[PDB]
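Below is one structure; the comments refer to it alone.
2 protein chains.
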Amino acid sequence: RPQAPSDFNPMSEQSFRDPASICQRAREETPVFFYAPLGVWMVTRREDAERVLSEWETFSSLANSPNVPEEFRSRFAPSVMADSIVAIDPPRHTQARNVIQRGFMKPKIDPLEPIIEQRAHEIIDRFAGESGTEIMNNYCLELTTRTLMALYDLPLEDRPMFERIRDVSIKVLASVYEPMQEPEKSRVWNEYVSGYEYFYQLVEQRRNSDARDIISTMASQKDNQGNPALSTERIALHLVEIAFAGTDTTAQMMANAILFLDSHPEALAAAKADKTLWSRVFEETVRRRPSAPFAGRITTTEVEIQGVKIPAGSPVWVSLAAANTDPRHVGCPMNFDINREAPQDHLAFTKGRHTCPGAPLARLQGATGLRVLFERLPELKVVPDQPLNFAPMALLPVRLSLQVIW
Amino acid sequence: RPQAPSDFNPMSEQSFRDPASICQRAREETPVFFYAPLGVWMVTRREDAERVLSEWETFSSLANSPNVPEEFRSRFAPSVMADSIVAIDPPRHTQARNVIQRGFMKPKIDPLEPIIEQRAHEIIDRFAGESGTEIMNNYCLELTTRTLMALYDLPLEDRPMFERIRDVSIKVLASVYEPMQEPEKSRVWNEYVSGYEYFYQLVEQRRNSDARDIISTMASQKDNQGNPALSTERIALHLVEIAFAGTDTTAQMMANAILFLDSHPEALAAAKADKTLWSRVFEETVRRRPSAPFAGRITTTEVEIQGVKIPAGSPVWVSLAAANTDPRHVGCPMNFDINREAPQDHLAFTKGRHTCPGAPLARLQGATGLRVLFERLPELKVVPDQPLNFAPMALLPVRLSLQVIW
Ligand code: HEM
Ligand code: HEM
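Here the protein sequences come in this chain order: A and L.
FYI, in the working numbering the residues of the first sequence are 1 to 406.
FYI, in the working numbering the residues of the second sequence are 407 to 812.
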C-alpha cells in the first residue's frame with residue numbers, strides 16, 4: 001500500500017510553522033496515500049479534496065463520537081451527544097443546519113462590527129501603554145472570546161465559564177484517546193453538562209425572543225406546525241460546539257495573519273491605506289495557513305481516488321493545507337499575495353453540508369480586529385527569536401504564545 | 407396558495423431587460439409562492455435558494471427529460487438519453503461529474519486564453535473598419551462558438567455541424583412542450599443523433615489521447631481496472647450538452663456585460679486601465695444579470711420553506727436573480743459596483759452537485775473577449791433606443807440583437 005514522503009510529518013515543528021510545506025512533495029508524488037501513524041487515508045489534491053468534502057453520501061462524517069458517562073445520562077442523554085453537529089449526516093444534519101445557519105446571516109452578523117471594534121479598543125487599552133505584549137491570549141484569544149460572547153449576548157459575569165466551555169470540550173474530545181481517570185472524568189464531564197444546561201436554560205428563556213443573539217435566533221425557529229425546529233437539547237449542544245469550535249480557530253487565524261503581515265510589510269502598508277484589503281488579508285491568510293489543516297470523513301462504500309482503491313469504512317483525512325496550496329488551482333501557491341482575483345476560492349472552510357457556519361463572523365472579526373490592531377499600534381512588529389510554543393495537535397495546531405512589540 | 411406581486415412576471419419585457427426588477431417586491435413580501443402561469447413553486451431568497459440548489463436528496467433534478475423517438479432507438483438508446491447530465495442524480499450524476507469536471511480544470515483551461523484572445527482579434531478585424539455592428543452574433547455568439555470549438559479542439563471545417571449542434575438541441579428541448587410535426591421531427595432528431603455519433607467517434611479516436619481538449623480529457627479517464635470510467639455514448643451526449651449549455655449562456659453573459667459597461671462608464675474606464683478588474687466586470691455582471699435566471703428542481707418529499715409547505719413531487723424554481731440581488735446578503739443589491747469585496751459570492755453558477763462546470767472557461771472567456779473588445783474599439787457605445795429582441799422563453803431569455811457603435 002502507498003506510503004508517504006519522508007518530509008510529511010504533521011506533528012513536527014516544520015508543520016507547526018507552515019502546514020503546507022510538508023504537503024507539497026506529498027501532493028505532487030503521492031496524491032492519495034495511507035498514513036499509518038494515524039491509521040487513516042490521506043487526500044491532498046484539491047479536486048479529490050472537494051470530492052471527499054462534498055460527496056457526503058460516499059464520505060460520511062460519522063468518524064467522531066464521544067461516549068457519555070453513566071452517571072450523567074439522566075441529565076445528558078447519550079442520544080444528545082449522538083446528535084453532535086460533527087457526527088451527523090442528512091437527514092439529521094440538514095435539520096440541525098437549517099436552524100444553525102440562520103444565526104450567521106449578514107443581518108445578524110454585520111451589526112456586530114461596531115461591538116467588535118469597541119471591545120477590541122477596550123482590550124487594547126489594557127496594554128497600549130506598554131512596549132510589548134503576548135498578543136495571543138491578551139488580544140487574539142481574548143477578542144475571539146469576547147466576540148463569541150457578543151454573538152451569544154452574555155454578560156461579563158458569565159465570561160469565566162464561557163472560557164471553560166472550550167477548555168472542557170477539548171478534554172472531552174481526548175477522552176476516547178487518553179481516557180480520564182477519577183475524579184478528573186466526573187469533574188470535567190459535570191462542568192460540560194453544566195454548561196450544556198446553562199445553554200439549555202438560555203434557549204428555554206429565549207424561545208420566543210426575536211433578537212440578534214444566536215440563542216434567540218435559533219430558538220425562535222418554529223416550523224409550520226408551531227413545534228420547535230430543533231429540540232432544546234440539540235440547540236444547547238450546538239451552542240456548546242459552536243463556542244468550542246470558533247474560539248481557537250479564529251484566534252489561530254488572527255495570530256497567523258499577524259505573522260504574515262509581519263513577514264510581508266508592503267502588503268501591510270497597502271492594507272493600512274485601504275480598508276477593503278483587510279478582508280483579503282484575511283482570505284490570503286486562511287488560504288496559506290488554514291487553522292484546521294485536516295478535515296476528517298469516513299467512506300460508506302469502496303472508492304477509487306487517483307487510482308488508489310480505498311475499502312469501505314475507511315477514515316479519510318483531507319489535507320486542507322495541500323488543497324489550498326495546490327499549483328493546479330492557484331499560481332504561486334506558496335506566496336502570500338493578497339491581490340488574487342479569487343480570494344475566497346479555497347477549502348479553509350471546507351465545502352458542502354459541513355461547511356463552516358461561523359465563517360461570516362470570523363471573517364468580520366478578522367476584518368475588524370486586525371485593522372484596529374494596526375490602527376492603535378501601527379508599528380506592531382512580531383518579536384523575532386521567541387521560542388515556538390505550540391500545543392502538539394494534528395487537526396488544530398494551537399499556538400500558546402506569540403510575543404509582539406511596537 | 408400565496409401569489410406574487412403584480413410586477414412579478416417572468417414573461418414580460420421587464421423581466422427580459424432586468425430579471426431582478428420583477429423579483430424584489432416578491433422576495434421581500436412573498437419569499438416562497440406558487441406561480442400558476444407556469445404552475446411551479448417560486449423561491450427567491452438566497453437562504454432558501456442555497457438549500458434548494460444544494461439539497462439534492464430533497465430537491466432532485468429529474469424534472470427535465472426529453473423523450474426519444476421510436477425509429478432512432480437503435481442508434482441512440484433511450485437509456486443514453488436517460489443518462490443526461492441535467493436529468494441524473496447520485497450515484498449516476500456523481501459518476502458522470504467525476505469525469506466531466508476533469509476537462510475544466512485550470513491546467514486544461516488556462517492554455518486557452520491566448521487562443522481566445524487571438525481569435526477575438528481575428529473576429530474584430532472583420533468589422534473593426536465599419537461604424538457599427540450587431541455585436542451579438544458577430545462577436546459574442548461567434549466568440550463563444552469558437553471558444554467551444556477550441557476547447558473541443560476541432561478544425562474550422564467542422565464549424566457548420568457544431569453550429570447546428572446548438573440549433574438542433576434547443577428544438578429537442580422544445581419537444582416536451584411543443585411537439586414537432588412531420589417530417590421535421592425525423593430530420594431534426596436524425597441531425598441530433600448524427601452529432602451524437604460524431605462525438606462518439608471522436609471519443610473512440612481520442613480514447614487514449616493525453617491532451618488538454620475536453621474530448622481527450624474525458625475519454626482518457628479509465629479506472630484502476632483499465633475500463634473506461636464512462637461509456638462512449640454518455641461522453642458523446644455530455645459533449646453535446648456541454649456545447650449547448652455553454653454557447654447561449656456565455657453569449658448572453660458577454661452581451662449583458664457590454665450593456666453594463668455602457669451604463670457605467672467610470673467602471674468601464676477603470677477596467678480599461680487595469681486588467682485585473684475585467685474578471686470583476688464578469689463577476690458583477692453575472693451576479694446582477696445571470697444568464698440563466700431560474701434553476702429548476704423537483705421535491706422528493708414534503709418540504710417547509712419560509713413556513714410554506716410544499717408537497718412531494720412539486721416543481722420548484724429558484725430565482726437566481728432574486729438570490730444574487732438579496733439585500734440580506736449584499737448591500738445595495740441593484741447597483742453595478744465592480745469594487746465589491748466578495749465578487750464570486752453569488753449563485754449565478756448555483757451550488758452543489760449541479761454547479762456549472764464550464765465556469766472556469768466562461769470566466770476566462772468573459773475576461774479575455776470583452777477586454778479585447780474594449781482594446782480595439784475603446785469608444786464603444788450601445789445604440790440607445792433599439793427595439794429589444796428577446797426569444798420569449800422563461801428559463802433562458804436569449805437576446806437576438808444588440809447594435810453597438812464606436
Ligand atoms: C477563521 C476562523 C475559522 C476557521 C479557519 C474555521 C474552519 C473550519 C473547519 C476547517 C471546519 C471543518 C468543516 C468540516 O469538517 O467539513 C469548521 C467547522 C465548523 N466551524 Fe469553523 N472555522 C472558523 C471559525 C469559526 C467560528 C467563529 C465559529 C462559530 C462562532 C465556527 C463554528 C464551526 C462549526 C459549528 C463547525 C461544524 C460544522 C458542521 O460540522 O456542521 N467556526 N470550521
Ligand atoms: C457565465 C456564463 C454561464 C452561466 C451564467 C451559466 C449558468 C448555469 C447555471 C446557473 C447552471 C446550474 C444548473 C442547475 O443548477 O441545474 C448551469 C449548469 C451547467 N452549465 Fe453553465 N453557465 C455559463 C457558462 C457555461 C459554460 C461556458 C459551459 C461549458 C461547458 C457550461 C456548461 C454547463 C453544464 C454542462 C451544466 C450542467 C451541470 C450539471 O447539471 O451537472 N455553462 N449553467
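All residues carry an ideal CB built from backbone N, CA and C; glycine is no exception.
With contact defined as three or more Cβ pairs closer than 8 Å, the region 649-665 of chain L and the region 498-514 of chain L are not in contact. Apart from the 5 residues on each side of it in sequence, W447/L sits with its Cβ closer than 6 Å to the Cβ of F440, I716, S720, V722 in its chain, given in chain order. Think of a sphere of 7 Å around the beta carbon of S15/A: no beta carbon from chain L falls inside it, the nearest being about 26 Å out.
Secondary structure at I116/A: helix, using DSSP grouped into helix, strand and coil.
Distance from the CA atom of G132/A to the CA atom of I242/A, rounded to whole angstroms, is 32 Å.
The criterion of a C-beta distance shorter than 7 Å is not satisfied by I170/A and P357/A. At least one heavy atom of ligand 1 lies closer than 6 Å to the C-beta of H354/A.
Here the alpha carbon of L377/A sits roughly 33 Å from the alpha carbon of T350/A. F568/L is a Cβ neighbour of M555/L, given a cutoff of 7 Å.
In this chain, the beta strand (DSSP E) harbouring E304/A covers 303-305. Leaving aside the five residues that flank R328/A on each side, the residues in its chain whose CB is nearer than 8 Å to its CB run, in chain order, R45, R46, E47. With contacts defined by Cβ atoms closer than 7 Å, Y558/L and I621/L form a contacting pair. By the criterion of a C-beta distance shorter than 6 Å, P19/A is surrounded in its chain by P293, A321, once the five residues flanking it on both sides are discounted. With distances taken between CA atoms, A77/A lies nearest to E233/A out of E233/A, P2/A, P114/A, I165/A. Below the 7 Å Cβ cutoff, chain L contributes no neighbours of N227/A, its closest Cβ being approximately 11 Å away.
Interface residue (Cβ-Cβ distance to chain A less than 7 Å): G713/L is classified as such. DSSP places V203/A in the helix class (H, G or I) of the three-state scheme.
Of all residues in the region 255-285 of chain A, only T276, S279, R280 place a beta-carbon less than 8 Å from a beta-carbon of chain L. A432/L is classed as buried because its beta carbon has at least 16 other beta carbons within 10 Å across all chains shown. In the DSSP annotation of this structure, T761/L is not part of any alpha helix (DSSP H), being labelled neither H nor E. In this structure, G366/A is the residue among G366/A, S186/A, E178/A with its C-alpha nearest to the C-alpha of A271/A. A residue is called buried when at least 16 other Cβ atoms come within 10 angstroms of its Cβ; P290/A meets this threshold and is buried. Interface with chain A (7 Å Cβ-Cβ cutoff): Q750/L is included. Judged by beta-carbon spacing, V398/A lies beyond the 7 Å limit of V383/A, meaning their Cβ atoms are not closer than that value.
Runs of beta strand (DSSP E) with 3 or more residues, each lying fully within the region 733-799 of chain L, are absent. Inter-segment contact for the region 329-347 of chain A and the region 743-750 of chain L is present: three or more beta-carbon pairs are separated by less than 8 Å. For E266/A, the closest alpha carbon among the candidates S209/A, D337/A, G307/A is that of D337/A. With a 10 Å radius around the Cβ and a threshold of 16 neighbouring Cβ atoms, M334/A comes out exposed. For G246/A, the distance from the CB to the nearest heavy atom of ligand 1 is below 6 Å. Within the chosen limit of 6 Å, ligand 2 reaches the beta carbon of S697/L through at least one heavy atom. Collapsing the DSSP output to three states places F688/L in a helix. Collapsing the DSSP output to three states places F34/A in a strand. The alpha-carbon of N9/A is positioned some 53 Å away from that of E528/L. Residue-level contact by beta carbon holds for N630/L and chain A, with a gap shorter than 7 Å. A Cβ-Cβ contact shorter than 7 Å links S466/L with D495/L.
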